[PDB]
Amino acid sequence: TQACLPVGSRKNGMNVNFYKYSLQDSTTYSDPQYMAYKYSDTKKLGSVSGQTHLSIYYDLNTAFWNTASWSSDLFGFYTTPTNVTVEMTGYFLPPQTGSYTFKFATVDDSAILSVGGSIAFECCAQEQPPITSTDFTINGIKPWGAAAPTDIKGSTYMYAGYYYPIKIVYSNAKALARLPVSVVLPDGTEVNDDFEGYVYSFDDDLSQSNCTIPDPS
């Protein structure tokens, strides 16, 4: 897996961008091209930065489930979380060399995790429009109106001390939003929801020369 060594000032946590998703659209959220990149074909609704608590939960009254609703429940950002796509980007800093098992405990309605330079995004280009890779580490999809898969896991081998691009794209098509995010470290340590000290951001520096490490090994 391709990693990076950005030399700018490090920022804490991951950037989160918000994009429109059509209420009750039961097709788009499950299109692989949409989850990978097409979500950015609309104007960004806005963004927040510095996020370390990655897990998503929005709920509302069952009497309202066929309807849009304004709330700040997603990352403090005022939107309609009943119907929205979220892109989280940053860099993962492995404390140790080994296999890392990322997990989505379940999902509602869809989410992907991509890991690696030229997979999640290009090294030193975190803030750019999305690249087109559908080589997902995790691809979770809730069937329309039925139970979502659980313990949806994916492994990446990482070398200590390099920064690995990560991208989570998440969509809610209606009603409840759910995405519990965790990772199991090579020592068996579980990191649940709060990724402080494991995820960082760097401002784009497309001039930096030695940013990409094709083979960290």
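In case it trips you up, residue 1 is the first one in the sequence shown, and so on.
Q: Could you settle it for me: does 82-90 or 115-123 have the higher average Cα B factor in the PDB entry?
A: Mean B over CA atoms: larger for 115-123.
Q: According to the deposited model, is the average Cα temperature factor higher in 151-159 or in 168-176?
A: The deposited B-factors put 151-159 ahead on the C-alpha mean.
Q: Using the entry's values, work out which of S133, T137, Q128, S110 has the largest Cα B factor.
A: By C-alpha B-factor in the record, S133 ranks first.
Q: Report the third (lowest, middle or highest) to which the CA temperature factor of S26 belongs, ranking only the modelled residues of the same chain.
A: CA B-factor rank for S26: highest third.
Q: By its CA B factor, does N17 count among the lowest, middle or highest third of the modelled residues in the chain?
A: Lowest third of the chain for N17's C-alpha B-factor.
Q: C-alpha B factor of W65, ranked within the chain: lowest, middle or highest third?
A: It belongs to the lowest third of the chain when residues are ordered by C-alpha B-factor.
Q: Using only modelled residues of the chain, where does the Cα B factor of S55 rank: lowest third, middle third or highest third?
A: Answer is lowest: the recorded C-alpha B-factor places it there.
Q: Taking only the Cα B-factors deposited for this chain, tell me whether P143 sits in the lowest, middle or highest third.
A: For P143, the deposited C-alpha B-factor lands in the lowest third.
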